[PDB]
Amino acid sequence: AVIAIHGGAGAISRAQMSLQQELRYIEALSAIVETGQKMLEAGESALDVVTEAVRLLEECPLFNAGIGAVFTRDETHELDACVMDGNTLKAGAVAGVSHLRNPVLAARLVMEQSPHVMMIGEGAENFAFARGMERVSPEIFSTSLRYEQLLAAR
């Protein structure tokens, strides 16, 4: 029984980073993987474990998902998530959502409470809201650092 997590691949620069900066990411990754290991050891399901790990990575503002999502061309946030259960081969996915704090929880709702597999935008939001998931403003996802990366990319 085993977990792996990621917080995204790309041009992460060593000559750009202090050890203290790096350790912020290392600490966040170890705390989330430890939560998952402890859940697995206690006999939680692979599905609950990957759901909670991705929820924590969403909450973690260091990673581009949920809180700390990158900015679009229009200085908005549009989020996507997916989950798949290897036991049932069921899957749920939301694409282009801006008013759901934890897209992975919405993705799991689609998997568990629908046959649809993939829902998009307002439809995905209305699906989740009709099942009591709370509506948020996309402003909660905003961080200074991702805003600086938007200004950098232009």
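Numbers follow the displayed sequence, beginning with 1.
Using only the Cα atoms and their B-factors as the entry lists them, report which of 115 to 123 and 56 to 64 averages higher.
-> Of 56 to 64 and 115 to 123, the stretch with the higher C-alpha B-factor average is 115 to 123.
Higher mean Cα B-factor in the deposited model: 12 to 20 or 136 to 144?
-> The deposited B-factors put 12 to 20 ahead on the C-alpha mean.
Which one, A42, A31, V49, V97, has the peak C-alpha temperature factor per the PDB entry?
-> Largest recorded C-alpha B-factor: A42.
Peak C-alpha temperature factor (PDB record), options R101, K90, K38, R108 | That would be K38, according to the entry.
Among modelled residues of the same chain, the CA temperature factor third for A4 = Bottom third by C-alpha B-factor.
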